[PDB]
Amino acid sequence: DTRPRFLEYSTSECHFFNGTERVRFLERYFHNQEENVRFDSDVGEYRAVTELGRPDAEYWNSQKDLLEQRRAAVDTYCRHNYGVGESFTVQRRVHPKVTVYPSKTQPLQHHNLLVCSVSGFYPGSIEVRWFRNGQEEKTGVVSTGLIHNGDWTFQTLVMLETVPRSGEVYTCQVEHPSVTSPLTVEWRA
């Protein structure tokens, strides 16, 4: 199917700072990936983003009733919807599951990669640090970065490239909003 496609897309964003103390509402209209007109509650009128959107900015700005609908949106829409979903979105907390397993940068050589798997957690913000015998190791650390699983959970792999010596104890340390004390997992050579 090589028929041309034509896509009409619109979003309305509610941005929250300090709970609902400060709120910004942004309505956006797009055609084929080009944003052409928007309403920003900082301004309180529509503005053309491209020339193709100018007729609508002018047209919608001439409708005072529509404008006042949008000017109130931070209250009637943003703050309202925030409250509706607060208990299972804003207040959603799922503890990370932490495991450590050894791996290799090179298959023919010995295990030289300690993987700290941190998974199933919510929200997204996470901090993972590696320690060797109680001393933080900042060198040789590589990660997947934050992985979104698309299902209100996240994960990450944080890997330490190191040559384990007998008797060494490695510790993976995880900080996350669900805990007020770091989670730790030890791995021994």
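For every residue, the number given is its place in the sequence shown, counted from 1.
K.L.:
Could you check which stretch, 161-169 or 21-29, carries the larger mean CA temperature factor in the entry?
P.N.:
The deposited B-factors put 161-169 ahead on the C-alpha mean.
K.L.:
Looking only at CA atoms, which has the higher mean B factor in the entry: 9-17 or 173-181?
P.N.:
Comparing 9-17 with 173-181, the higher average CA B-factor belongs to 173-181.
K.L.:
Sorting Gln109, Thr89, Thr76, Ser117 by Cα temperature factor from the record, which one lands on top?
P.N.:
Among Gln109, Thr89, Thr76, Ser117, the PDB entry lists the largest C-alpha B-factor for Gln109.
K.L.:
Out of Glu58, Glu35, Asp151, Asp42, which one has a C-alpha B factor higher than all the others in the entry?
P.N.:
Of the candidates given, the C-alpha B-factor peaks at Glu58.
K.L.:
Going by the entry, which third of its chain does the Cα temperature factor of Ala48 land in?
P.N.:
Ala48: CA B-factor falls in the middle third of its chain.
K.L.:
Within this chain, which third does the Cα B-factor at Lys104 fall in: lowest, middle or highest?
P.N.:
Highest third, going by the recorded CA B-factors of the chain.
K.L.:
Is the Cα B-factor recorded for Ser125 in the lowest, middle or highest third of its chain?
P.N.:
Answer is highest: the recorded C-alpha B-factor places it there.
K.L.:
For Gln69, return the chain-relative third of its C-alpha B-factor as stated in the PDB record: lowest, middle or highest.
P.N.:
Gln69: CA B-factor falls in the middle third of its chain.
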